[PDB]
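Encoded as structure tokens, the structure appears first; notes follow it.
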Amino acid sequence: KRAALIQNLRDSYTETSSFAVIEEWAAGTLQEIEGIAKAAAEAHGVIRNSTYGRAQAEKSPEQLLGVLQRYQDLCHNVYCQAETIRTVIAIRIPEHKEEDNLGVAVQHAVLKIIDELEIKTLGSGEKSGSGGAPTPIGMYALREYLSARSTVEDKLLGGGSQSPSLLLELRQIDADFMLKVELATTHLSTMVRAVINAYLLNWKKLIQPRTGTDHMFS
Amino acid sequence: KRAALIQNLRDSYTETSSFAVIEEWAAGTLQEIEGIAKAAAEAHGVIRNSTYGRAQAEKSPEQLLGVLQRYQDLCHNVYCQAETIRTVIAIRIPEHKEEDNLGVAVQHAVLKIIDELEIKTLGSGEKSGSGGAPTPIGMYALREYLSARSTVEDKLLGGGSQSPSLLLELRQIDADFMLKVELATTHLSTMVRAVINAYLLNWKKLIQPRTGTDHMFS
Amino acid sequence: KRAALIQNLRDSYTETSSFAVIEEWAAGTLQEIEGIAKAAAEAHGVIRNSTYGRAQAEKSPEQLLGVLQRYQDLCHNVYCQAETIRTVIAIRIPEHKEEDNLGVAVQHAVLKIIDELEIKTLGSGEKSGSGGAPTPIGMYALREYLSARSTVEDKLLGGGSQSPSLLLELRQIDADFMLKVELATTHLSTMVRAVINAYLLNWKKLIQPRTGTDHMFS
Amino acid sequence: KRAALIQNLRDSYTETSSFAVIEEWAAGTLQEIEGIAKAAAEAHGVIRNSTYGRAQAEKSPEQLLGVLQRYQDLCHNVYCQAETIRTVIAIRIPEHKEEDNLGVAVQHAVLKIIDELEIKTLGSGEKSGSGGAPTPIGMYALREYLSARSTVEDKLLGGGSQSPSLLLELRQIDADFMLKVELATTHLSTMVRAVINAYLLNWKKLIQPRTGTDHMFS
Amino acid sequence: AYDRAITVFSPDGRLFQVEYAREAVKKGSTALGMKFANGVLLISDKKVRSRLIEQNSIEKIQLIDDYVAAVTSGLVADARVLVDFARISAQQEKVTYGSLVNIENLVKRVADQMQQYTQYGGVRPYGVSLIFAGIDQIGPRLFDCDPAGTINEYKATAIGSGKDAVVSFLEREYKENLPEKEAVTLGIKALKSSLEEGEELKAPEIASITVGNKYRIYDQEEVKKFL
Amino acid sequence: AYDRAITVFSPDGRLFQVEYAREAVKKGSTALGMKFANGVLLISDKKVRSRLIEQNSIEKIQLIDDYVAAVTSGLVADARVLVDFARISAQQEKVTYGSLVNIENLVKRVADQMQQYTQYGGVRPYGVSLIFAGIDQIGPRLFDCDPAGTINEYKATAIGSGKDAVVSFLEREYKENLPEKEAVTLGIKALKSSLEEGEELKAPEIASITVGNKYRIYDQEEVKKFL
Amino acid sequence: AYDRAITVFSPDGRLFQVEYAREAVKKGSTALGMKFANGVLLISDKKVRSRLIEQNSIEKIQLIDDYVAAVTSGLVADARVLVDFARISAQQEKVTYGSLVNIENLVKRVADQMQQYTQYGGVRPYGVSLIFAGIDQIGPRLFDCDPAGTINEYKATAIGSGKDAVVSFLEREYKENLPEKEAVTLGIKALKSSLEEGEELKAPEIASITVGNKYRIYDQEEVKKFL
Amino acid sequence: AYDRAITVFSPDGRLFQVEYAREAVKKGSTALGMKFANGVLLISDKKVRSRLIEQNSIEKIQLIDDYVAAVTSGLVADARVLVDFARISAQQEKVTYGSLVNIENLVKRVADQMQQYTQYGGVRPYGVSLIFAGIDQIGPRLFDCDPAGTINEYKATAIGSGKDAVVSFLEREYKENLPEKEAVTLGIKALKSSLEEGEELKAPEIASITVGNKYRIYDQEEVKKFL
Amino acid sequence: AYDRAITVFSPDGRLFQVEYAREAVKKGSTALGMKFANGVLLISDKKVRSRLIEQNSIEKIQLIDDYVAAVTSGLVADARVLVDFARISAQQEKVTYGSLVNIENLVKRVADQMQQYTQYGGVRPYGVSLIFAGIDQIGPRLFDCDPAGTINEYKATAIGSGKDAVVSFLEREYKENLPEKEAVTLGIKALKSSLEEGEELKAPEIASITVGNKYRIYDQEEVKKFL
């Protein structure tokens with residue numbers, strides 16, 4: 001029975017599903033983003049006041065790994081939660097028509113900034129667009145960091161490289177990846193606040209994109 | 001309570017938040033950008049009048065690192081401040097409608113040049129667009145420099161390379177990265193001035209993009 | 001006070017600021033461009049009449065470095081001066097409106113060929129567009145030259161390569177980079193003349209893009 | 001005095017400047033292009049009837065260098081002459097308006113095919129568009145050739161490579177670069193003839209893109 | 001493209017704007033008419049929007065005169081306007097000739113007014129279909145008429161959302177010259193076949209006329225005996 | 001596309017421009033009418049834009065004659081124009097026949113004027129709804145009428161922003177033949193249910209008419225006793 | 001989209017082209033009116049474009065008859081055309097009935113002319129607001145009227161660029177039944193509150209009427225005593 | 001967008017198409033008028049397109065009657081048409097009342113015809129400005145009038161390309177009640193201030209009228225004594 | 001944009017559609033007129049499309065009456081229509097007053113008809129220029145008139161493709177009061193100056209009128225003596 005199937009979809013992902021997510025973003029999530037911002041700024045201060053010798057090519061700083069893993073855990077949750085809102089909207093896009101699409105326009109409008117959050121901000125894809133990656137750092141930031149550092153680590157350990165700048169680059173990899181988290185957290189906060197506002201102002205048309213009788217007809 | 005949530009967002013990022021940023025850009029920031037421009041031009045003069053031998057592949061010039069780190073600190077701040085103005089606007093984009101969008105047009109217009117500042121000018125992303133990087137140098141300039149130099153340093157130190165031009169290239173990497181800061185600062189000044197003007201002319205419609213009674217109706 | 005801020009921006013970059021630049025371009029700059037053109041054509045003649053042996057892979061010709069550095073110094077100035085004109089226009093783009101945009105159309109029209117000058121002609125960015133680099137040579141020509149030559153220098157010096165063509169290529173790198181300056185200077189002259197004309201014909205609407213009373217109203 | 005400045009520009013590059021170029025293209029230039037086409041076809045015949053052994057990796061054939069250098073010299077001139085016509089048009093693009101642009105349309109139309117000639121046909125940029133290089137060979141053909149050949153020369157000389165095809169490839173580099181000149185000259189001829197016609201049909205509006213009294217008004 | 005003005009033909013020779021008017025007719029309540037032995041009848045469903053509405057008001061079956069009635073479906077304001085044109089047109093004919101010899105001519109006049117609004121720019125068509133049923137000097141008549149100005153004479157037919165349901169049911173079940181009572185039962189039965197089961201048929205309207213009589217509107221109690 | 005001219009049907013047979021006119025009606029103050037024992041009443045809320053406004057002026061309840069009144073919602077200038085058409089239309093009928101036997105006909109005339117402006121290009125519809133309430137020879141009447149020219153007769157109904165609030169409350173609470181005093185109390189109670197609590201109901205308008213009498217406009221003191 | 005023709009509704013039921021006419025009214029000089037003890041007054045500011053202009057000419061306060069006056073704001077050519085319609089309309093009424101019993105009716109006629117231009121394509125609205133003030137058989141009257149044809153009666157109001165300034169000031173400061181002299185002082189004070197300090201109020205226009213009298217235009221000297 | 005029809009307002013409440021008509025007026029020859037002791041005068045420049053043109057023909061100063069004259073600037077064919085309207089309008093007034101008591105009214109009639117063409121679709125405005133100068137029962141009068149239908153009374157003013165030059169010069173240099181000869185000199189001096197030096201003023205037109213007299217057109221010799 | 005309707009102004013205050021009409025006039029055959037001692041003459045070239053055409057037919061010089069003639073250039077059908085308007089307009093004036101005192105007035109009437117078609121939507125302008133030459137009570141007259149309705153009086157002028165050639169030649173060579181024979185020779189010479197050498201002047205039309213006479217059309221033999 002076709003209506004039963006649609007009803008099941010919608011009973012499972014209701015407007016209180018997507019609202020749950022938005023309440024959480026307004027409270028918990030924005031606070032946890034700020035904590036990661038402060039963890040990363042602090043790590044960046046330690047690295048700024050450090051002279052790096054070969055000693056530093058021999059262990060990976062656990063303070064930085066912690067800040068990076070912690071941000072990756074946030075991005076993981078924000079994405080899954082985004083995908084709840086997106087499910088709640090996507091399963092209520094009504095029959096295709098060339099008319100009565102005022103609400104459907106609100107629906108595509110809001111799906112568009114959830115797309116931006118997921119793809120462009122949480123940098124969650126295998127590959128970027130030909131628009132690039134405008135976000136400072138991805139979901140796979142931990143792996144970008146370890147990969148970038150280990151190339152520098154090998155050249156420094158081996159006869160290790162005698163390049164003074166290559167040693168300073170090991171430090172700049174550590175500095176920059178902490179800066180990249182501060183920047184990515186600032187920007188993720190804006191995006192989250194923007195989706196909070198875009199949702200709460202548009203939620204009615206997101207659930208019922210078409211209403212109205214046939215009052216004119218009998 | 002949905003209005004309470006929106007009200008919280010807006011009480012936190014008010015127009016005096018975004019104004020605070022614009023005052024700062026008009027005074028402090030443009031001065032600091034000019035100081036960085038002079039620091040970089042001076043460093044470029046020292047390098048221009050230098051003959052480079054292998055001695056120069058053996059240490060990384062702290063004068064250049066200082067100019068680069070100082071620019072990266074500016075870009076970091078300008079970006080975080082940009083994101084304040086962008087939060088102040090983004091959380092007041094009203095209910096989506098196919099009408100009464102004269103102020104929303106001003107909102108998207110001003111968000112567009114904040115985008116250009118952040119992405120195109122502060123070159124703050126992992127990857128560039130297929131439009132390229134029109135900006136002479138990024139936020140991650142220090143790392144572009146150390147990376148470009150350390151490749152030349154290795155070839156020169158090792159039997160080190162005997163290429164006369166490779167030696168002159170080490171000098172040109174030092175010259176060009178200082179030039180790139182002069183150029184990027186010139187251009188960042190224009191962008192900052194442009195957003196100062198765009199903001200102060202449009203700020204009323206950025207906060208209240210829709211006004212008016214229903215005077216015609218009762 | 002918001003008007004005071006705007007007034008300060010405008011007092012600082014006036015029309016006589018931008019005019020100063022255009023006068024200089026009409027006289028000094030076009031002459032210096034032509035001198036670089038001649039320096040480069042002459043250096044190209046010397047290289048044309050030369051047979052290259054391994055002796056030539058052992059020093060970098062200072063005549064070509066001089067021509068290149070000299071062009072880079074010109075491009076540096078033309079860019080900073082372009083950015084003055086651009087500041088003078090950009091800080092007088094008026095309040096966004098969907099009407100009275102006849103002057104704003106002139107403003108965007110003239111900012112567009114300043115963009116072409118800076119980006120496309122002075123090749124001043126980290127990366128090119130997906131339109132490419134139509135300009136024969138960039139701001140970072142000296143570095144493109146030294147880099148391209150030092151690869152050939154290494155292969156020739158080392159057992160050095162026995163490729164007869166690789167030797168001829170060292171000569172062509174020297175010839176081509178002088179040709180590239182002649183071409184780039186020809187083209188830059190057209191662009192500079194084009195902006196002189198575009199400015200002087202349009203300057204009034206560039207400063208006051210909207211005028212007129214409310215004569216119709218009282 | 002602003003009119004003086006414009007007058008100087010225009011007195012220097014007049015219509016007889018641009019006409020001079022077109023007369024030359026009609027006579028001298030199209031002949032010299034055909035000579036280069038024949039020089040290259042003939043060189044291609046010699047290579048076709050040749051068996052290549054290692055002897056051929058040991059010198060660079062001067063017959064091919066001569067054809068290539070001769071084409072590069074033509075492209076150099078055609079570009080500098082194109083830029084004259086372009087200067088003559090560009091300095092007469094009148095005040096920006098949203099009306100009376102019938103001539104300005106002719107001006108942009110003819111500038112467009114001069115762009116096609118310079119960029120797309122004379123392949124005169126550092127980088128191609130994302131449209132590609134539709135032209136068979138560039139201005140920097142000589143360098144593309146020597147570079148392609150010297151890679152094959154090294155592999156063949158060194159134990160030199162025993163690859164039968166690599167030896168045949170050295171021959172095909174020689175063949176193809178002569179074919180590429182035949183093809184590029186054919187195509188350059190069309191483009192030159194096309195600009196001859198486009199100019200002579202449109203020259204009056206190129207110089208005076210707006211005329212007419214205010215006969216209707218007094 | 002060819003879709004947006006009443007005066008525009010499509011390349012296949014269609015007037016989509018008129019075809020679109022026809023879709024407005026599908027949004028109305030279902031009604032049907034049928035001929036039986038010496039007479040004709042109408043039955044109409046009705047949206048009852050609320051219990052705060054007044055039942056004995058705005059009727060779907062409307063008398064044009066004592067011997068002719070109409071039911072309509074589609075835009076209600078358009079329908080009202082057309083029914084009043086129908087009534088004034090009827091009285092003009094009576095005044096000219098003293099009587100209405102052939103109902104087909106009243107229908108044509110109404111259909112021509114409708115056709116006219118499918119040809120001149122500056123007006124849209126009426127989004128309405130009508131069934132006219134009455135007795136004239138030919139005998140019992142049953143016509144329908146749509147936004148295009150198309151006319152047909154039937155033994156039985158219907159208009160409204162449930163049209164297709166009701167026309168199939170009747171294609172299978174209708175016979176000519178039934179007695180009134182059986183005709184009305186067939187009609188109620190047909191009407192029910194268009195509902196979506198679960199959904200049940202409240203009090204509908206029923207009018208009937210037989211040769212030598214005037215029209216007769218069934219009251220809700222009389223109607224109830226068939227539910 | 002199909003959105004931008006009164007004369008254009010959508011492919012589903014809709015007149016969006018008319019539907020849009022209907023949105024204008026939602027921007028008015030809420031008003032309601034209801035029938036009670038031997039009579040009908042109207043109650044209207046009112047935007048009081050300022051304290052510099054004059055209260056005893058531009059009334060939401062308007063007499064059409066001594067036995068008929070209207071309330072309106074939507075574009076106020078349109079509404080004013082329609083009320084005066086209604087008044088002149090009433091007097092024309094009285095001059096022709098000596099009285100107004102059936103209010104439904106006045107309403108239809110006003111509704112037809114409205115329908116006309118949903119069919120001919122070069123005009124937009126009136127962005128107005130009206131409720132008419134009065135006594136005629138049938139009895140107490142209560143009608144509404146929208147920009148489409150659609151008409152319904154009710155026991156109770158409402159128009160304005162708070163329409164849906166007020167119609168639910170009445171779907172649950174309304175009984176027929178209440179005494180006047182209780183009908184008025186039910187009305188005030190229903191009206192309050194449409195406000196957003198915190199927000200409180202200032203002095204609204206109340207008019208009533210009973211069989212054999214003329215209308216009677218409640219003064220602000222009499223109204224107060226119900227607040 | 002929905003922005004570009006007087007006959008088009010927006011999906012929210014708005015007439016933007018009329019809302020835009022309303023912006024024309026903000027570009028005029030500020031004027032205000034207010035009721036006081038047995039009378040009403042008008043005060044108007046004035047752009048003085050140059051010293052080559054003639055002062056005793058094109059007045060912002062215009063008499064409609066001896067007992068009614070109007071101030072206007074917005075497009076001046078429209079305002080002129082509307083004031084002459086108002087005068088001719090006033091005389092038609094006096095010829096028909098011998099007098100002008102209720103000024104509200106004059107105003108409505110003017111408001112209707114304006115409303116009409118917000119409904120039929122082929123015309124744009126008048127970009128004008130007006131304040132009418134006078135004495136009639138009800139008493140002292142004060143009305144405004146805008147491009148949409150909307151009307152309100154006030155105790156005090158204003159129109160022009162400084163409207164919002166002046167209305168706030170009066171919301172705080174106005175009292176009813178002031179003597180004429182204090183009323184005028186309050187008015188000048190209110191007007192000043194709308195200027196941008198530095199900027200100073202030159203000679204404005206002042207007219208007043210009290211019950212049983214004709215209008216009275218203050219000359220520049222009498223006005224000066226209040227500056 | 002808001003730029004392309006006389007009937008469209010911009011969102012700031014402007015009529016660009018009218019503003020554009022106003023640009024057509026800047027393309028005309030400069031002319032000016034001024035009031036002096038017991039009189040008023042006009043002076044007009046003139047494009048002399050060739051020496052094959054006939055001088056004593058198509059005059060920039062045109063008499064409307066013996067006591068009123070006009071100069072115009074803008075589209076010449078529009079100006080011709082307006083001047084003849086002005087003349088016929090003047091004679092209608094004289095036939096109705098026997099005389100032209102107040103020139104302001106003639107001007108208003110002309111200005112109204114112009115305003116009308118800024119409001120109904122299907123026409124474009126007149127791209128013309130006029131100055132009217134004459135004597136009436138009030139005294140010497142000087143008015144201007146533009147494509148919008150806007151009117152002002154002046155002591156001195158100008159129209160045409162050199163307007164702004166001439167108005168500045170007069171803002172500095174004009175005094176009231178000069179004798180005729182000095183007034184004419186001031187005018188010629190002003191006119192010259194608008195030319196671009198090198199460029200020299202050929203024979204212009206000069207007409208003048210003083211109280212109790214008819215107009216008086218200066219011939220080219222009399223004009224020459226001032227060059 | 002501003003290019004595509006006669007009712008639209010460009011932002012610089014231009015009517016491009018009228019300027020385009022003016023280009024239609026450049027496509028015609030060249031004709032010229034000039035005043036000489038006590039008279040005026042016309043000379044016209046002519047496309048002779050084939051040898052199968054009839055010469056003594058469709059003449060470029062057309063009599064309006066015995067004392068006034070016209071030559072035209074541009075769209076031929078528009079020109080025909082305007083010449084007939086001219087003739088009828090002439091006869092109306094003669095019937096009203098008994099004679100045609102001033103030819104400038106005939107011209108203005110024709111020019112006004114043309115202007116009218118540059119202001120009301122739904123018509124395009126006439127793509128025609130005319131020269132009128134005749135004797136009236138002022139003396140010998142020579143006017144031209146274009147699609148815009150613009151008028152000038154000349155001593156000599158021309159219209160058609162070769163206009164600019166012929167006007168230069170005359171700017172250098174014309175003198176006033178030549179005898180007829182020399183005037184005609186100067187004219188033929190001028191006309192030839194506009195041809196493209198190689199190309200030679202076939203038999204053109206020549207008409208002339210002197211004070212106290214009627215027009216006089218030169219026959220092809222008389223014309224030949226000047227070739």
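Going through the structure tokens in order, the chains are called A, B, and so on, while each chain numbers its residues from 1 and the ligands are numbered from 1 in the order shown.
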
Checklist entry - segment 124-128 of chain G: which residues within 6 Å, counting only C-alpha atoms, same-chain residues fewer than 2 positions away excluded, as number ranges by chain? => result G: 21, 24-25, 73-75, 78-79, 117-118, 147; H: 7, 119

Next on the checklist: Give me, as a PyMOL selection string, all polymer residues having an atom no more than 10 Å from segment 99-113 of chain A, counting only C-alpha atoms and skipping those fewer than 3 positions away in the same chain.
Outcome noted: (chain A and resi 82+85-87+89-90+92-96+116-120+191-192+194-195+198-199+202-211) or (chain B and resi 95-98) or (chain F and resi 1-3+10-12+14+16) or (chain G and resi 11)

Next on the checklist: Just to confirm, what's the straight-line distance from atom CA of residue 142 of chain I to atom CA of residue 211 of chain I in Å (one decimal)?
Outcome noted: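 Here the two named atoms are 13.7 Å from each other.
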
Output as a Markdown table one row per residue of chain H within 7 Å of chain G: the closest atom pair and its distance in Å to one decimal place, counting only C-alpha atoms, sorted by chain and residue number ascending.
```
| residue | atom | partner | partner_atom | distance |
| --- | --- | --- | --- | --- |
| H:7 | CA | G:124 | CA | 4.7 |
| H:8 | CA | G:4 | CA | 6.6 |
| H:9 | CA | G:20 | CA | 6.1 |
| H:10 | CA | G:20 | CA | 6.6 |
| H:11 | CA | G:20 | CA | 5.1 |
| H:12 | CA | G:23 | CA | 5.7 |
| H:13 | CA | G:24 | CA | 4.3 |
| H:14 | CA | G:24 | CA | 6.6 |
| H:115 | CA | G:77 | CA | 6.2 |
| H:119 | CA | G:124 | CA | 5.7 |
| H:120 | CA | G:123 | CA | 4.6 |
| H:121 | CA | G:122 | CA | 4.8 |
| H:148 | CA | G:77 | CA | 6.8 |
| H:149 | CA | G:77 | CA | 5.4 |
| H:150 | CA | G:77 | CA | 5.4 |
| H:153 | CA | G:54 | CA | 5.4 |
| H:154 | CA | G:53 | CA | 4.4 |
| H:155 | CA | G:52 | CA | 5.3 |
| H:156 | CA | G:52 | CA | 5.9 |
| H:171 | CA | G:52 | CA | 6.9 |
```

Prev. selection, N, CA and C atoms, output as an mmCIF file, in the first residue's frame:
```
data_model
loop_
_atom_site.group_PDB
_atom_site.id
_atom_site.type_symbol
_atom_site.label_atom_id
_atom_site.label_comp_id
_atom_site.auth_asym_id
_atom_site.auth_seq_id
_atom_site.Cartn_x
_atom_site.Cartn_y
_atom_site.Cartn_z
ATOM 1 N N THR H 7 4.410 54.195 -16.276
ATOM 2 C CA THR H 7 3.514 53.801 -15.188
ATOM 3 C C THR H 7 4.164 53.003 -14.047
ATOM 4 N N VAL H 8 5.487 52.852 -14.029
ATOM 5 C CA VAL H 8 6.148 52.009 -13.024
ATOM 6 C C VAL H 8 6.881 52.832 -11.980
ATOM 7 N N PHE H 9 6.605 52.624 -10.713
ATOM 8 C CA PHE H 9 7.460 53.179 -9.684
ATOM 9 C C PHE H 9 8.671 52.293 -9.399
ATOM 10 N N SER H 10 9.804 52.924 -9.094
ATOM 11 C CA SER H 10 10.952 52.252 -8.550
ATOM 12 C C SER H 10 10.647 51.986 -7.095
ATOM 13 N N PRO H 11 11.357 51.055 -6.499
ATOM 14 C CA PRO H 11 11.187 50.847 -5.065
ATOM 15 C C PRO H 11 11.458 52.075 -4.124
ATOM 16 N N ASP H 12 12.238 53.070 -4.571
ATOM 17 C CA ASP H 12 12.405 54.347 -3.825
ATOM 18 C C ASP H 12 11.316 55.352 -4.179
ATOM 19 N N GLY H 13 10.353 54.943 -4.989
ATOM 20 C CA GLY H 13 9.268 55.827 -5.341
ATOM 21 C C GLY H 13 9.644 56.842 -6.401
ATOM 22 N N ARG H 14 10.352 56.413 -7.443
ATOM 23 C CA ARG H 14 10.726 57.320 -8.512
ATOM 24 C C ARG H 14 10.100 56.913 -9.842
ATOM 25 N N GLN H 115 1.485 66.586 -16.931
ATOM 26 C CA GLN H 115 1.400 65.612 -15.839
ATOM 27 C C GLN H 115 0.617 64.391 -16.234
ATOM 28 N N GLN H 119 1.331 59.567 -16.453
ATOM 29 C CA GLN H 119 0.464 58.715 -15.577
ATOM 30 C C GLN H 119 -0.315 57.620 -16.294
ATOM 31 N N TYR H 120 -0.655 57.840 -17.555
ATOM 32 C CA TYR H 120 -1.379 56.858 -18.326
ATOM 33 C C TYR H 120 -0.435 56.198 -19.285
ATOM 34 N N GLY H 121 -0.450 54.871 -19.282
ATOM 35 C CA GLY H 121 0.409 54.074 -20.172
ATOM 36 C C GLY H 121 -0.064 54.295 -21.581
ATOM 37 N N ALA H 148 7.612 66.846 -15.952
ATOM 38 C CA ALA H 148 6.859 66.211 -14.865
ATOM 39 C C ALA H 148 5.543 66.921 -14.570
ATOM 40 N N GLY H 149 5.407 68.134 -15.100
ATOM 41 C CA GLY H 149 4.323 69.030 -14.766
ATOM 42 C C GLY H 149 4.555 69.871 -13.514
ATOM 43 N N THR H 150 5.811 69.937 -13.047
ATOM 44 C CA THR H 150 6.207 70.768 -11.903
ATOM 45 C C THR H 150 6.337 72.250 -12.284
ATOM 46 N N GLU H 153 7.469 79.671 -9.468
ATOM 47 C CA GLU H 153 7.555 81.083 -9.806
ATOM 48 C C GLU H 153 8.889 81.602 -9.379
ATOM 49 N N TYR H 154 9.521 82.379 -10.254
ATOM 50 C CA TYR H 154 10.849 82.934 -10.020
ATOM 51 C C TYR H 154 10.938 84.455 -10.140
ATOM 52 N N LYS H 155 12.066 84.981 -9.653
ATOM 53 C CA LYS H 155 12.525 86.332 -9.950
ATOM 54 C C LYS H 155 13.426 86.283 -11.182
ATOM 55 N N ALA H 156 14.265 85.262 -11.232
ATOM 56 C CA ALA H 156 15.003 84.941 -12.438
ATOM 57 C C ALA H 156 15.186 83.424 -12.572
ATOM 58 N N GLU H 171 22.375 83.793 -9.194
ATOM 59 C CA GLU H 171 22.381 83.692 -7.725
ATOM 60 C C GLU H 171 23.337 84.710 -7.084
#
```

Please provide the set of residues having any atom within 12 Å of residue 189 of chain A, restricted to only C-alpha atoms, with same-chain residues fewer than 2 positions apart removed, written as a PDB file with C-alpha atoms, in the first residue's frame.
```
ATOM      1  CA  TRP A  25      23.108  22.704  17.943  1.00  0.00           C
ATOM      2  CA  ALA A  26      21.919  25.850  19.782  1.00  0.00           C
ATOM      3  CA  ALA A  27      23.238  24.520  23.140  1.00  0.00           C
ATOM      4  CA  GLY A  28      25.669  21.571  23.321  1.00  0.00           C
ATOM      5  CA  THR A  29      27.270  21.692  19.867  1.00  0.00           C
ATOM      6  CA  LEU A  30      28.223  25.389  19.766  1.00  0.00           C
ATOM      7  CA  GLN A  31      29.808  25.008  23.203  1.00  0.00           C
ATOM      8  CA  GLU A  32      31.817  21.902  22.206  1.00  0.00           C
ATOM      9  CA  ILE A  33      32.951  23.820  19.046  1.00  0.00           C
ATOM     10  CA  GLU A  34      34.200  26.629  21.283  1.00  0.00           C
ATOM     11  CA  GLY A  35      36.083  24.200  23.538  1.00  0.00           C
ATOM     12  CA  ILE A  36      37.871  22.729  20.520  1.00  0.00           C
ATOM     13  CA  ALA A  37      38.694  26.314  19.402  1.00  0.00           C
ATOM     14  CA  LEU A  74      32.454  16.758  16.348  1.00  0.00           C
ATOM     15  CA  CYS A  75      32.347  16.858  12.555  1.00  0.00           C
ATOM     16  CA  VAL A  78      27.289  17.348  13.110  1.00  0.00           C
ATOM     17  CA  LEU A 117      27.462  22.676   5.890  1.00  0.00           C
ATOM     18  CA  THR A 121      32.264  23.160   5.709  1.00  0.00           C
ATOM     19  CA  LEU A 122      32.706  19.629   7.131  1.00  0.00           C
ATOM     20  CA  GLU A 182      40.782  27.503  15.122  1.00  0.00           C
ATOM     21  CA  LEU A 183      39.738  28.822  11.724  1.00  0.00           C
ATOM     22  CA  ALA A 184      37.535  25.815  10.863  1.00  0.00           C
ATOM     23  CA  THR A 185      35.779  26.050  14.253  1.00  0.00           C
ATOM     24  CA  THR A 186      35.056  29.807  13.890  1.00  0.00           C
ATOM     25  CA  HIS A 187      33.556  29.131  10.438  1.00  0.00           C
ATOM     26  CA  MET A 191      27.388  27.857   9.581  1.00  0.00           C
ATOM     27  CA  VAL A 192      25.666  26.159  12.534  1.00  0.00           C
ATOM     28  CA  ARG A 193      24.096  29.463  13.681  1.00  0.00           C
ATOM     29  CA  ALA A 194      22.985  30.169  10.104  1.00  0.00           C
ATOM     30  CA  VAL A 195      21.212  26.780   9.835  1.00  0.00           C
ATOM     31  CA  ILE A 196      19.579  27.291  13.274  1.00  0.00           C
TER      32      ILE A 196
ATOM     33  CA  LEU B   9      21.383  34.142  18.526  1.00  0.00           C
ATOM     34  CA  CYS B  80      37.868  35.794  12.542  1.00  0.00           C
ATOM     35  CA  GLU B  83      33.246  35.822  10.418  1.00  0.00           C
ATOM     36  CA  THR B  84      31.730  38.039  13.127  1.00  0.00           C
ATOM     37  CA  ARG B  86      29.084  37.318   8.560  1.00  0.00           C
ATOM     38  CA  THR B  87      27.370  35.798  11.682  1.00  0.00           C
ATOM     39  CA  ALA B  90      23.567  35.356   8.429  1.00  0.00           C
ATOM     40  CA  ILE B  91      21.402  35.030  11.549  1.00  0.00           C
TER      41      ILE B  91
END
```
